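*Asks:* There's a structure below that I have some questions on.
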2 protein chains.
Amino acid sequence: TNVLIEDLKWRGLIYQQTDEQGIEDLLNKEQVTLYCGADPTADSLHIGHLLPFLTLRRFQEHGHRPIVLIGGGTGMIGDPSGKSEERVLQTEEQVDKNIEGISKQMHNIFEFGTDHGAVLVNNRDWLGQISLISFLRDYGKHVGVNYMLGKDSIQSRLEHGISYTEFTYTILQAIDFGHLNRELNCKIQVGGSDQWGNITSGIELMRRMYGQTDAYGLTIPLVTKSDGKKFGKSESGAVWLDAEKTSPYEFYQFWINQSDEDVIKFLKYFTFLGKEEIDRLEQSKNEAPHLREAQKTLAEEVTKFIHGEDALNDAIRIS
Amino acid sequence: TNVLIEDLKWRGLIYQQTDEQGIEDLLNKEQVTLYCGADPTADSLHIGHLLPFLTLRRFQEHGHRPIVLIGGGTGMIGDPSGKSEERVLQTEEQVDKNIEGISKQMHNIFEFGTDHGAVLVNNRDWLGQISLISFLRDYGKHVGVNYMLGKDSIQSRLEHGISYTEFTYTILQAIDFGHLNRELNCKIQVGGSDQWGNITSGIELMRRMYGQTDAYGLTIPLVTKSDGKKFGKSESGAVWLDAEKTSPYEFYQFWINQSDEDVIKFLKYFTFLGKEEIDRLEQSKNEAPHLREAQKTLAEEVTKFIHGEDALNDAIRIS
Ligand SMILES: N[C@@H](Cc1ccc(O)cc1)C(=O)N[C@H](C(=O)O)[C@H]1[C@H](O)[C@]2(O)CO[C@@H]([C@@H]2O)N1O
Ligand SMILES: N[C@@H](Cc1ccc(O)cc1)C(=O)N[C@H](C(=O)O)[C@H]1[C@H](O)[C@]2(O)CO[C@@H]([C@@H]2O)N1O
C-alpha cells in the first residue's frame with residue numbers, strides 16, 4: 001500500500017508536505033479525512049481551482065474522505081495571500097449570492113448526500129459564533145505576533161501597509177483547520193502554494209492549543225504553461241467553470257489549443273487516465289502530432305467531466 | 001443519517017436482516033466493511049448474480065467497503081443450497097479456469113487496486129491451509145450436528161440423500177465469514193435468499209468461537225417477473241454477462257423487452273437513477289407507453305454499465 005502517493009508523486013501534484021513521511025504513514029495506515037476550500041470571492045470557480053478539488057477527488061478514489069469549505073465567513077474578509085494591495089469587503093448579499101454559485105459547482109464535482117463521504121461545510125456556521133472577547137481569549141492568546149509577520153503572504157503587504165483585518169485572516173482560517181481536525185477528524189488539508197502560509201498556521205495553532213492532534217498539510221503545485229502565460233487567463237478574463245461565463249465551447253477549445261509541449265503534464269494533472277493510457281497517449285503525440293490526439297482527449301475529458309457528456313457533444317460540434 | 005437504508009428499503013432489496021435494528025445502527029454510526037461471493041461454478045456471471053454485486057456497489061456509494069469472495073476453495077465443493085440432487089466436483093483446471101472468467105468480470109463491476117476499498121479475496125488462500133485434523137478440532141468442535149440438519153438447504157437433500165461433502169459445505173463457508181470478520185473487519189455479509197442458511201451459520205459459529213465479534217447478514221430479495229417465468233433464463237440458457245455467451249445486443253433486448261408491468265421495479269433494483277428520475281420515468285410509462293421510455297432507459301443503463309458505452313452504441317444499432 002502506497003499507490004495513491006505513488007501517483008500524486010508521478011503526476012507532480014505535491015509541491016510540499018508538512019511532514020513528508022508521516023503523511024505517507026497514515027495514508028498507508030488509516031482512511032484519512034482531508035479537506036479544501038475557497039471563499040466565495042465570486043459566483044463561479046475557475047480552472048485555477050479545478051486542480052486541487054480534483055486532487056481531493058483523487059483521494060476519494062482510494063478510500064479517503066474529502067470535505068469542501070466554502071468561504072461563508074472568511075469569504076467576507078478576503079485572504080491577502082499573494083495579493084499586494086488590501087482587499088475590498090463584499091456585501092453580505094453578494095457573498096450570500098456568490099456561495100450559491102461557487103457551491104452550485106462543487107455539488108457536481110463531488111457527490112454530496114451520502115452516509116459517509118464528502119461533506120460541504122460552511123465556515124459561516126462556527127465563525128459566526130465566536131465573539132470579540134472569546135476570540136482573543138480562547139484563540140488569540142496562543143497566536144504570537146512574531147509568527148504572523150513571519151507569514152510569506154503578509155511580509156509583503158507589511159511593506160505597502162497591511163490592514164488589521166487581512167492580518168487577522170490567518171487566525172480565522174487556522175481556527176477552521178483545528179475545528180474540522182476536531183469536529184470531523186480532518187488530518188490533512190490540501191491547497192495551493194498560495195496556501196502554504198495558512199496551511200502551516202492551522203497546524204501550529206492546534207499544536208499549542210492541544211498538541212497538534214495529528215495534523216498535516218499538503219500543497220498541489222501551480223499550473224504553469226510553456227508559452228510563459230498566466231495560466232487561467234483569456235481576454236475573457238480567466239476560464240470560469242460556469243457555462244455562462246465560460247461555455248462548453250470556449251471551455252473546450254482552451255484545452256484543445258494546449259501547446260503540445262505543456263500537454264502530457266496537463267493530461268497527468270487534470271485527467272483520470274492511467275500512466276499506461278497516457279503513455280500511449282504520449283507516443284501518439286510524440287510522432288503523429290497531425291492527429292493532435294493528446295490535446296484532444298485532454299479537452300474531451302475535462303469538458304465532458306466539468307460540463308457534461310451532452311455538453312461535450314454539443315461542444316465538439318463547433319469544431 | 002439513514003439514507004442508504006432509506007433507499008435499499010425503498011427499492012425493495014432487503015428480504016431479511018439478522019439483526020434488523022443493529023444493522024441500521026452501525027450503518028448510521030461507522031463505515032462498515034461488507035462482502036459477497038460466488039464459487040466459480042462457471043466462467044461467467046449472469047443476471048442472477050448482477051443484483052447483489054450491485055447492492056454491494058450501492059453501499060460503496062455512501063462510504064462503505066465491499067469485498068468480493070470468488071469461490072477458490074468452496075468452488076470445488078459446491079453449495080447444495082437450493083439444489084435437490086448432489087453436486088459434481090469440477091476439475092482443478094476447470095475451477096482454475098472458471099475463476100479467471102468469473103473474476104474477469106467483477107474487476108469491471110468494481111474498482112480493485114485502491115489503497116482502501118474493495119478487495120477481491122480468494123478463499124483458496126485460507127481454506128487451502130486448514131487440515132483434516134485441525135479442521136475438526138479448531139472449528140468442527142463448535143459446529144453441532146443438530147444445527148446443520150436445521151439448515152433449510154440440506155433438510156431437503158437429507159430426504160433424497162445428502163453426501164457428507166455437500167453437508168460440510170456450510171462449515172467451510174462459515175469459516176470464511178469469521179475469517180474476514182476477523183481478518184478485514186467484515187461485519188455484514190450480503191447474499192441471495194438462497195444464502196440465508198449459510199449467512200446465518202457464519203454468524204453463529206463466531207458466536208461460540210469468540211462471541212460474534214459484531215456480525216450481521218443481509219439478504220437481497222429474489223428477482224421475479226410478472227410473466228411467471230424463471231428470470232435469468234433464455235433458450236440461450238440464462239443471460240450470461242459475457243459478451244461471447246450473451247452479447248451486448250442479446251443482452252440489450254432482454255432489458256428492452258421487459259414486460260411493462262415488472263418494469264419500474266427492475267428500474268429500482270438495477271439502475272443508479274434517483275427516486276425522482278424513476279418517478280418521472282414511471283409517468284412516461286404510465287401514460288405514454290408507445291414511447292416505451294422506461295424499458296428503454298433500463299436496458300440502456302444495464303448495458304452501457306455491464307458492457308460499455310461503446311458496446312451500447314454498437315448494440316442500440318441493431319434496433
Ligand atoms: N484563504 C483560502 C480559503 C480558506 C477558507 C477556509 C479554510 O478552512 C481554509 C482556507 C484560499 O486562498 N483559498 C482559495 C479561495 O478561492 O478561497 C483557493 C484558491 O482559489 C485555489 O485555487 C482553490 O483552492 C486553493 C487554491 O489556491 N485555495 O483554497
Ligand atoms: N455458497 C455461496 C458462495 C460463498 C463462497 C464463499 C463465502 O465466503 C460465502 C459464500 C453461494 O451460493 N453463492 C453464489 C455463487 O454463485 O457462489 C452466489 C449466487 O450465485 C448469487 O446469485 C450471487 O451472490 C449470491 C447469490 O445467490 N451468492 O453468493
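Chains: A, B, ... in order of the C-alpha cells. Residues: from 1 per chain. Ligands: from 1, in order shown.
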Distance cut-off 9 Å, counting only C-alpha atoms - which residues of chain A neighbour chain B? Return them as a list in words.

*Replies:* residues 1, 2, 3, 4, 27, 28, 30, 31, 61, 62, 63, 64, 65, 113, 114, 115, 116 and 117 of chain A

*Asks:* Can you tell me which residues sit at most 6 Å away from ligand 2, counting only C-alpha atoms and all ligand atoms, written as a PyMOL selection string?

*Replies:* chain B and resi 36-39+48-49+52+69+71+74+79+173+176-177+191-192+194-195

*Asks:* How would the residues just picked look written out with N, CA and C atoms as a PDB file, in the first residue's frame?

*Replies:*
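Below you can see part_22.pdb, which holds the result:
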ATOM      1  N   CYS B  36     -19.394 -10.257  -0.357  1.00  0.00           N
ATOM      2  CA  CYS B  36     -20.262 -11.213  -1.027  1.00  0.00           C
ATOM      3  C   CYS B  36     -19.410 -12.080  -1.946  1.00  0.00           C
ATOM      4  N   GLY B  37     -19.958 -13.198  -2.404  1.00  0.00           N
ATOM      5  CA  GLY B  37     -19.156 -14.039  -3.249  1.00  0.00           C
ATOM      6  C   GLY B  37     -19.842 -15.141  -3.991  1.00  0.00           C
ATOM      7  N   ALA B  38     -19.061 -15.760  -4.849  1.00  0.00           N
ATOM      8  CA  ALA B  38     -19.570 -16.822  -5.647  1.00  0.00           C
ATOM      9  C   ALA B  38     -18.484 -17.851  -5.787  1.00  0.00           C
ATOM     10  N   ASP B  39     -18.858 -19.110  -6.009  1.00  0.00           N
ATOM     11  CA  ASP B  39     -17.907 -20.188  -6.248  1.00  0.00           C
ATOM     12  C   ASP B  39     -17.838 -20.179  -7.762  1.00  0.00           C
ATOM     13  N   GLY B  48     -28.527 -13.252 -12.764  1.00  0.00           N
ATOM     14  CA  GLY B  48     -28.803 -13.753 -11.426  1.00  0.00           C
ATOM     15  C   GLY B  48     -27.884 -13.147 -10.378  1.00  0.00           C
ATOM     16  N   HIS B  49     -26.587 -13.084 -10.656  1.00  0.00           N
ATOM     17  CA  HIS B  49     -25.611 -12.503  -9.747  1.00  0.00           C
ATOM     18  C   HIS B  49     -25.465 -10.999  -9.829  1.00  0.00           C
ATOM     19  N   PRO B  52     -27.089  -8.755  -6.389  1.00  0.00           N
ATOM     20  CA  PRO B  52     -26.307  -8.439  -5.193  1.00  0.00           C
ATOM     21  C   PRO B  52     -24.943  -7.783  -5.346  1.00  0.00           C
ATOM     22  N   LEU B  69     -15.569 -12.336  -2.636  1.00  0.00           N
ATOM     23  CA  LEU B  69     -15.001 -13.663  -2.434  1.00  0.00           C
ATOM     24  C   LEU B  69     -15.426 -14.541  -3.618  1.00  0.00           C
ATOM     25  N   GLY B  71     -15.082 -18.184  -5.441  1.00  0.00           N
ATOM     26  CA  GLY B  71     -15.035 -19.498  -4.814  1.00  0.00           C
ATOM     27  C   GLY B  71     -13.792 -20.385  -4.894  1.00  0.00           C
ATOM     28  N   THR B  74     -14.337 -23.212  -1.869  1.00  0.00           N
ATOM     29  CA  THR B  74     -15.688 -23.751  -1.736  1.00  0.00           C
ATOM     30  C   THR B  74     -16.215 -24.016  -3.126  1.00  0.00           C
ATOM     31  N   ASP B  79     -22.158 -25.578  -3.355  1.00  0.00           N
ATOM     32  CA  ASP B  79     -23.154 -25.328  -2.325  1.00  0.00           C
ATOM     33  C   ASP B  79     -24.518 -25.941  -2.642  1.00  0.00           C
ATOM     34  N   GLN B 173     -17.966 -22.373   4.469  1.00  0.00           N
ATOM     35  CA  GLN B 173     -18.421 -21.024   4.203  1.00  0.00           C
ATOM     36  C   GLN B 173     -18.473 -20.211   5.486  1.00  0.00           C
ATOM     37  N   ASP B 176     -15.269 -18.794   6.497  1.00  0.00           N
ATOM     38  CA  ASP B 176     -14.912 -17.598   5.738  1.00  0.00           C
ATOM     39  C   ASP B 176     -15.395 -16.357   6.398  1.00  0.00           C
ATOM     40  N   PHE B 177     -16.679 -16.327   6.733  1.00  0.00           N
ATOM     41  CA  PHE B 177     -17.245 -15.138   7.337  1.00  0.00           C
ATOM     42  C   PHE B 177     -16.398 -14.672   8.495  1.00  0.00           C
ATOM     43  N   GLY B 191     -26.159 -11.450   0.616  1.00  0.00           N
ATOM     44  CA  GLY B 191     -26.330 -12.525  -0.330  1.00  0.00           C
ATOM     45  C   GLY B 191     -27.778 -12.853  -0.591  1.00  0.00           C
ATOM     46  N   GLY B 192     -27.996 -13.635  -1.638  1.00  0.00           N
ATOM     47  CA  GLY B 192     -29.344 -14.024  -2.005  1.00  0.00           C
ATOM     48  C   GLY B 192     -30.065 -14.854  -0.971  1.00  0.00           C
ATOM     49  N   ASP B 194     -31.043 -17.639  -1.232  1.00  0.00           N
ATOM     50  CA  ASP B 194     -30.514 -18.996  -1.323  1.00  0.00           C
ATOM     51  C   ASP B 194     -29.300 -19.070  -0.425  1.00  0.00           C
ATOM     52  N   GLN B 195     -28.956 -17.945   0.186  1.00  0.00           N
ATOM     53  CA  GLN B 195     -27.807 -17.849   1.072  1.00  0.00           C
ATOM     54  C   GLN B 195     -28.143 -17.564   2.543  1.00  0.00           C
TER      55      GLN B 195
END

*Asks:* Excluding region 83-89 of chain B and its own-chain neighbours fewer than 5 positions away, which residues fall within 9 Å of it when counting only C-alpha atoms? Please give them as a ChimeraX atom specification.

*Replies:* /B:75-78,153-154,156-157,160-163,166

*Asks:* Generate a file of the selected residues that holds N, CA, C and O atoms, formatted as an mmCIF file, in the first residue's frame.

*Replies:*
data_model
loop_
_atom_site.group_PDB
_atom_site.id
_atom_site.type_symbol
_atom_site.label_atom_id
_atom_site.label_comp_id
_atom_site.auth_asym_id
_atom_site.auth_seq_id
_atom_site.Cartn_x
_atom_site.Cartn_y
_atom_site.Cartn_z
ATOM 1 N N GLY B 75 -15.561 -23.421 -4.130
ATOM 2 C CA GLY B 75 -15.941 -23.618 -5.523
ATOM 3 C C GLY B 75 -15.922 -25.109 -5.767
ATOM 4 O O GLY B 75 -16.975 -25.739 -5.817
ATOM 5 N N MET B 76 -14.725 -25.684 -5.747
ATOM 6 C CA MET B 76 -14.538 -27.116 -5.941
ATOM 7 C C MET B 76 -15.519 -28.064 -5.212
ATOM 8 O O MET B 76 -15.679 -29.217 -5.629
ATOM 9 N N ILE B 77 -16.207 -27.579 -4.179
ATOM 10 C CA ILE B 77 -17.128 -28.408 -3.381
ATOM 11 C C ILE B 77 -18.635 -28.278 -3.736
ATOM 12 O O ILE B 77 -19.399 -29.250 -3.630
ATOM 13 N N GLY B 78 -19.067 -27.071 -4.104
ATOM 14 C CA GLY B 78 -20.451 -26.852 -4.488
ATOM 15 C C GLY B 78 -21.461 -26.709 -3.373
ATOM 16 O O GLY B 78 -21.654 -27.620 -2.580
ATOM 17 N N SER B 153 -31.536 -25.573 3.559
ATOM 18 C CA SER B 153 -30.934 -26.066 2.338
ATOM 19 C C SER B 153 -31.000 -27.596 2.483
ATOM 20 O O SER B 153 -32.012 -28.188 2.162
ATOM 21 N N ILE B 154 -30.011 -28.175 3.155
ATOM 22 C CA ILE B 154 -29.924 -29.613 3.389
ATOM 23 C C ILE B 154 -31.152 -30.423 3.840
ATOM 24 O O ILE B 154 -31.305 -31.559 3.381
ATOM 25 N N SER B 156 -33.875 -30.780 2.900
ATOM 26 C CA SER B 156 -34.397 -31.301 1.667
ATOM 27 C C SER B 156 -33.586 -32.506 1.254
ATOM 28 O O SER B 156 -34.057 -33.666 1.237
ATOM 29 N N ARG B 157 -32.350 -32.174 0.901
ATOM 30 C CA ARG B 157 -31.414 -33.118 0.422
ATOM 31 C C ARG B 157 -31.440 -34.322 1.309
ATOM 32 O O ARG B 157 -31.580 -35.431 0.788
ATOM 33 N N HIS B 160 -33.485 -37.054 -0.102
ATOM 34 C CA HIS B 160 -33.026 -37.776 -1.288
ATOM 35 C C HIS B 160 -31.742 -38.488 -1.018
ATOM 36 O O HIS B 160 -31.433 -39.446 -1.717
ATOM 37 N N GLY B 161 -30.966 -37.946 -0.073
ATOM 38 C CA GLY B 161 -29.679 -38.496 0.329
ATOM 39 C C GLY B 161 -28.605 -37.444 0.121
ATOM 40 O O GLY B 161 -28.288 -37.111 -1.024
ATOM 41 N N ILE B 162 -28.086 -36.880 1.215
ATOM 42 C CA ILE B 162 -27.049 -35.831 1.135
ATOM 43 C C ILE B 162 -25.678 -36.324 1.515
ATOM 44 O O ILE B 162 -25.458 -36.704 2.659
ATOM 45 N N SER B 163 -24.761 -36.284 0.552
ATOM 46 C CA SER B 163 -23.384 -36.706 0.772
ATOM 47 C C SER B 163 -22.770 -35.868 1.887
ATOM 48 O O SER B 163 -23.253 -34.780 2.215
ATOM 49 N N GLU B 166 -21.325 -32.099 0.624
ATOM 50 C CA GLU B 166 -22.288 -31.005 0.498
ATOM 51 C C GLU B 166 -22.552 -30.633 1.954
ATOM 52 O O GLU B 166 -22.368 -29.492 2.357
#

*Asks:* Among region 118-261 of chain B, which residues does DSSP mark as alpha helix (DSSP H) when it is run on the backbone? Keep the chain and numbering as in the structure and answer as a ChimeraX atom specification.

*Replies:* /B:124-127,132-134,145-148,154-160,164-183,196-209,248-256

*Asks:* From a backbone DSSP assignment, name each residue in region 5-215 of chain A labelled strand (DSSP E), as an mmCIF file with N, CA, C and O atoms, in the first residue's frame.

*Replies:*
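So out04.cif came out as:
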data_model
loop_
_atom_site.group_PDB
_atom_site.id
_atom_site.type_symbol
_atom_site.label_atom_id
_atom_site.label_comp_id
_atom_site.auth_asym_id
_atom_site.auth_seq_id
_atom_site.Cartn_x
_atom_site.Cartn_y
_atom_site.Cartn_z
ATOM 1 N N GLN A 16 4.595 20.561 -1.712
ATOM 2 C CA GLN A 16 5.083 20.448 -0.322
ATOM 3 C C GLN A 16 4.153 19.782 0.686
ATOM 4 O O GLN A 16 2.927 19.949 0.638
ATOM 5 N N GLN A 17 4.770 19.032 1.601
ATOM 6 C CA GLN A 17 4.078 18.304 2.673
ATOM 7 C C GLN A 17 4.702 18.887 3.948
ATOM 8 O O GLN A 17 5.860 19.344 3.900
ATOM 9 N N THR A 33 -9.165 11.840 6.379
ATOM 10 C CA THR A 33 -10.268 12.775 6.134
ATOM 11 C C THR A 33 -9.636 14.100 5.802
ATOM 12 O O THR A 33 -9.264 14.803 6.705
ATOM 13 N N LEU A 34 -9.508 14.430 4.516
ATOM 14 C CA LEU A 34 -8.869 15.672 4.055
ATOM 15 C C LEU A 34 -9.865 16.686 3.509
ATOM 16 O O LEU A 34 -10.871 16.308 2.906
ATOM 17 N N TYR A 35 -9.524 17.964 3.577
ATOM 18 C CA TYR A 35 -10.428 18.979 3.081
ATOM 19 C C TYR A 35 -9.751 20.119 2.291
ATOM 20 O O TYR A 35 -8.533 20.197 2.194
ATOM 21 N N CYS A 36 -10.555 20.980 1.688
ATOM 22 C CA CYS A 36 -10.051 22.130 0.955
ATOM 23 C C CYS A 36 -11.179 23.145 0.811
ATOM 24 O O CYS A 36 -12.362 22.813 1.012
ATOM 25 N N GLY A 37 -10.844 24.377 0.450
ATOM 26 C CA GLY A 37 -11.894 25.351 0.339
ATOM 27 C C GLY A 37 -11.574 26.649 -0.331
ATOM 28 O O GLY A 37 -10.435 26.989 -0.629
ATOM 29 N N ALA A 38 -12.627 27.414 -0.521
ATOM 30 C CA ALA A 38 -12.492 28.675 -1.164
ATOM 31 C C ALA A 38 -13.443 29.632 -0.499
ATOM 32 O O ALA A 38 -14.396 29.185 0.109
ATOM 33 N N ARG A 65 -11.800 10.521 2.493
ATOM 34 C CA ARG A 65 -12.967 11.411 2.505
ATOM 35 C C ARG A 65 -12.602 12.874 2.309
ATOM 36 O O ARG A 65 -11.683 13.387 2.932
ATOM 37 N N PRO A 66 -13.295 13.556 1.413
ATOM 38 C CA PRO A 66 -12.915 14.930 1.251
ATOM 39 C C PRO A 66 -13.997 15.736 1.905
ATOM 40 O O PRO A 66 -15.081 15.234 2.172
ATOM 41 N N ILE A 67 -13.704 16.997 2.133
ATOM 42 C CA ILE A 67 -14.656 17.906 2.720
ATOM 43 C C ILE A 67 -14.432 19.166 1.886
ATOM 44 O O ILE A 67 -13.341 19.354 1.333
ATOM 45 N N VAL A 68 -15.463 19.993 1.745
ATOM 46 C CA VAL A 68 -15.357 21.224 0.978
ATOM 47 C C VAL A 68 -15.801 22.426 1.834
ATOM 48 O O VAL A 68 -16.970 22.527 2.252
ATOM 49 N N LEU A 69 -14.857 23.313 2.132
ATOM 50 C CA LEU A 69 -15.169 24.504 2.912
ATOM 51 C C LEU A 69 -15.304 25.682 1.938
ATOM 52 O O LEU A 69 -14.399 26.014 1.174
ATOM 53 N N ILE A 70 -16.523 26.177 1.855
ATOM 54 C CA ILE A 70 -16.871 27.316 1.035
ATOM 55 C C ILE A 70 -16.582 28.454 1.998
ATOM 56 O O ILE A 70 -16.723 28.262 3.198
ATOM 57 N N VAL A 119 -18.191 16.099 2.692
ATOM 58 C CA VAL A 119 -19.137 16.974 3.335
ATOM 59 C C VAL A 119 -18.850 18.376 2.864
ATOM 60 O O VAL A 119 -17.694 18.707 2.572
ATOM 61 N N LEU A 120 -19.907 19.157 2.671
ATOM 62 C CA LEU A 120 -19.735 20.550 2.284
ATOM 63 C C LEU A 120 -20.018 21.336 3.560
ATOM 64 O O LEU A 120 -21.155 21.419 4.005
ATOM 65 N N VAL A 121 -18.965 21.793 4.220
ATOM 66 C CA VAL A 121 -19.119 22.573 5.447
ATOM 67 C C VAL A 121 -19.051 24.068 5.031
ATOM 68 O O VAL A 121 -18.476 24.406 3.969
ATOM 69 N N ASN A 122 -19.689 24.939 5.823
ATOM 70 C CA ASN A 122 -19.723 26.391 5.566
ATOM 71 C C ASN A 122 -19.179 27.019 6.828
ATOM 72 O O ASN A 122 -19.883 27.099 7.822
ATOM 73 N N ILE A 188 -5.440 16.071 7.110
ATOM 74 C CA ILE A 188 -4.679 16.712 6.032
ATOM 75 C C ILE A 188 -5.538 17.781 5.373
ATOM 76 O O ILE A 188 -6.747 17.630 5.234
ATOM 77 N N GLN A 189 -4.920 18.907 5.074
ATOM 78 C CA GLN A 189 -5.605 20.000 4.410
ATOM 79 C C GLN A 189 -4.767 20.330 3.190
ATOM 80 O O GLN A 189 -3.608 20.761 3.320
ATOM 81 N N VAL A 190 -5.362 20.104 2.016
ATOM 82 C CA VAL A 190 -4.731 20.314 0.718
ATOM 83 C C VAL A 190 -5.090 21.661 0.126
ATOM 84 O O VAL A 190 -6.249 22.089 0.170
ATOM 85 N N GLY A 191 -4.085 22.330 -0.420
ATOM 86 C CA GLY A 191 -4.316 23.620 -1.022
ATOM 87 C C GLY A 191 -3.150 24.100 -1.849
ATOM 88 O O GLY A 191 -2.043 23.557 -1.785
ATOM 89 N N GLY A 192 -3.407 25.136 -2.634
ATOM 90 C CA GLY A 192 -2.376 25.694 -3.487
ATOM 91 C C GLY A 192 -1.195 26.278 -2.749
ATOM 92 O O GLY A 192 -1.270 26.542 -1.564
#

*Asks:* Identify, on the basis of only C-alpha atoms, every residue whose closest approach to region 240-251 of chain A does not exceed 6 Å; exclude the query and any residue fewer than 3 positions from it along the same chain; express the result as a PyMOL selection string.

*Replies:* chain A and resi 44-46+254+315

*Asks:* Go ahead and write the selection's residues with N, CA, C and O atoms as a PDB file, in the first residue's frame.

*Replies:*
ATOM      1  N   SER A  44     -18.506  31.813  -9.409  1.00  0.00           N
ATOM      2  CA  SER A  44     -18.069  30.745 -10.273  1.00  0.00           C
ATOM      3  C   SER A  44     -16.644  30.419  -9.901  1.00  0.00           C
ATOM      4  O   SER A  44     -15.878  31.298  -9.491  1.00  0.00           O
ATOM      5  N   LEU A  45     -16.303  29.146 -10.000  1.00  0.00           N
ATOM      6  CA  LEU A  45     -14.949  28.704  -9.719  1.00  0.00           C
ATOM      7  C   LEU A  45     -14.203  28.967 -11.018  1.00  0.00           C
ATOM      8  O   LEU A  45     -14.692  29.720 -11.850  1.00  0.00           O
ATOM      9  N   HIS A  46     -13.054  28.343 -11.233  1.00  0.00           N
ATOM     10  CA  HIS A  46     -12.347  28.598 -12.478  1.00  0.00           C
ATOM     11  C   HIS A  46     -11.161  27.675 -12.564  1.00  0.00           C
ATOM     12  O   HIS A  46     -10.611  27.373 -11.516  1.00  0.00           O
ATOM     13  N   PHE A 254     -10.059  25.773 -25.239  1.00  0.00           N
ATOM     14  CA  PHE A 254      -8.998  26.119 -24.298  1.00  0.00           C
ATOM     15  C   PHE A 254      -8.033  24.958 -24.166  1.00  0.00           C
ATOM     16  O   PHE A 254      -6.813  25.101 -24.325  1.00  0.00           O
ATOM     17  N   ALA A 315     -20.650  20.593 -27.704  1.00  0.00           N
ATOM     18  CA  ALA A 315     -19.469  21.430 -27.894  1.00  0.00           C
ATOM     19  C   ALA A 315     -18.645  21.001 -29.063  1.00  0.00           C
ATOM     20  O   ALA A 315     -18.384  21.809 -29.959  1.00  0.00           O
TER      21      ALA A 315
END

*Asks:* Could you tell me how far CA of residue 47 (chain B) sits from CA of residue 228 (chain B), in Å to one decimal place?

*Replies:*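 Spanning CA of residue 228 (chain B) to CA of residue 47 (chain B) is a straight-line distance of 16.8 Å.
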
*Asks:* List the neighbours of residue 181 (chain A) out to 8 Å using only C-alpha atoms; skip same-chain residues closer than 6 positions along the sequence, and give me the result as a short mmCIF file (atom, residue, chain, number, x, y, z; two decimals) with C-alpha atoms, in the first residue's frame.

*Replies:*
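What landed in result_14.cif:
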data_model
loop_
_atom_site.label_atom_id
_atom_site.label_comp_id
_atom_site.auth_asym_id
_atom_site.auth_seq_id
_atom_site.Cartn_x
_atom_site.Cartn_y
_atom_site.Cartn_z
CA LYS A 187 -5.86 15.41 9.42
CA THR A 213 -3.76 16.10 17.49
CA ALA A 215 -2.45 17.23 11.56
#
